[PDB]
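Two forms of the same protein chain are encoded below as C-alpha cells; each is given separately, as structure 1 and structure 2.
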Structure 1
C-alpha cells in the first residue's frame, strides 16, 4: 500500500489558495461515489480490492456505486472501474448531530482490479503520532458543482499542515472532539476534498490515511481549517469489522 505506480508531482502551487491539478492516476486509492442519477456525491479511499473507507455522513446505500481510476469526471476515454457495493458498515457510535465518529466501510460486491492507476492507501496504527505542523495532502473533486459555474471536473490536490485540537478549537470551539483532527488555515482552502475523501500523510515512505473529510468552512476560506475524522481513533473499529466480515 501507500506507494503509487505513478508518483504525484507536488509544486508550490499546492500550498496556496485552491491548490492545484493532480497528475492523472497519481492518487490511485482515490474513489468517487455515484448514485443512480449518476451524480458524484462523495469521495473515499480503497484500502484493498474488496474494501473502501468513507464518512458516515455520506449516507451510502447498496444502490450506490464506487468509481475507480477517474481523473476527469467530464471524460469518456478514461478506462475506469464501476463497482457495486455488497454491504455498508456505519460506525455505531456515529452521532449525526455532532458529526463525531464519522466513518463507514464498504465491502464491494465485486473486487477492484488493481493496476497502475488503482491501488490501496495504508491504514495507520492506533499508536501513530502525527505531530502538529506535519504537511499532509488532501485530494478530490470538492471544488466543483459549486457556484457561478460548473466547468471541467479534474482531480485537484492540496498540501496542508496538521493542527493540534487545542489550536483548532480557536476556530471551531466545542465542535472539536478527540475523534477529530484539523488541517489547514494555512493560506489554502480544504474544499477540494470531497466529503468522505482522503487526508494523507507519508510515514516510512508510504502514504497513509490520517483523515477523512468531515466538514469545512462555509465559504471555503483559506484561513479556516478543515475538520476530518481521525482515523487513528477509529482504526480498532475498522480492524474489528474487517476481522469479522
Structure 2
C-alpha cells in the first residue's frame, strides 16, 4: 500500500492535473447514470473508505482506475457496492466522525493504476506543517467538474491555528489542512488527504468540509483518520 506504480509529479481550486494513474487508490463514487458525487480511497481490494456525508448507497458504484472522466474509451473498473458501513457516530449536525466504509460486491483487480493507500495507526502523529496531498475531481472554481483528476500539495494545520478561524466547530475527529492557496471543493468530499509515513502514502484525512465558497485562504477540514482507524479495523475484521 501507499506506493504508486506510476510516481506522481507535484508542482480542487488552484490545484493541478495529476499524472494519469499516479494516485491508484483514488476512486470516483457515481450513481447509476455515471454522475460523480464524491471521491473515495481503496484500502484493499474489497473496501473503500469515504465520507459519511456523501450518503453512498448500494445503488451507487465505485469507479477505479479512472483519470479522465470525459473519456468514454478509457479503461476503468465499475465496481458494485455490496454493503455500506456508515460510522454510527457520524454527527449530522457537527459533521464529526465523517467516515463511511464501502464493501464491494466484487473485488477490484489491482494493477498499475489501481491499488491501495496505507492506513495510519491510531497513535500516529503527523506534525503540523507537514506537506501532504489531496486529490479529486471536485470543482476547480466555485460550474462543472474537471474531467481529469486534480491534485494539490498543502500543509497540515495545528488545531490551535485551525480554531483561530473555525473556533469550536473543530471537533476531535477532524484535522485541518490548507489555507495555503488551494482548496477542496464540491465533488472532492470522501477523497484522500495523504502524507508520507516512512516513504509510503498514508491516509491522514478524508475530504469533509470547509469554506462555503471554497476559499483558498481558509482552512480545509478533513475527517481525522487516526481518530477513526480503530473503527475501520474493527469493521473490516467483523466483515
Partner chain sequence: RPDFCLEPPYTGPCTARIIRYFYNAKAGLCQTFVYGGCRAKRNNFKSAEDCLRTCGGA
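Shifts are known only where both forms have a C-alpha. Think of the rigid core as the biggest set of C-alphas that the two forms share within 1.5 Å after superposition. Numbering follows the first chain given and starts at 1.
- Remark: structure 1 matches the stated condition (the form deposited without the partner chain).
- For the listed set 210, 56, 192, 182, the sole C-alpha moving 2 Å or more between structure 1 and structure 2 on a rigid core superposition is that of 192.
- Comparison between structure 1 and structure 2 places the CA of residue 166 1.1 angstrom away from its other position, after core fitting.
- The shift recorded for the CA atom of residue 129 between structure 1 and structure 2 is 0.4 Å, with superposition on the rigid core.
- Core-superposed comparison between structure 1 and structure 2: runs of at least three consecutive shared residues with Cα shifts of 2 Å or more are located at 144-146, 149-152, 187-193.
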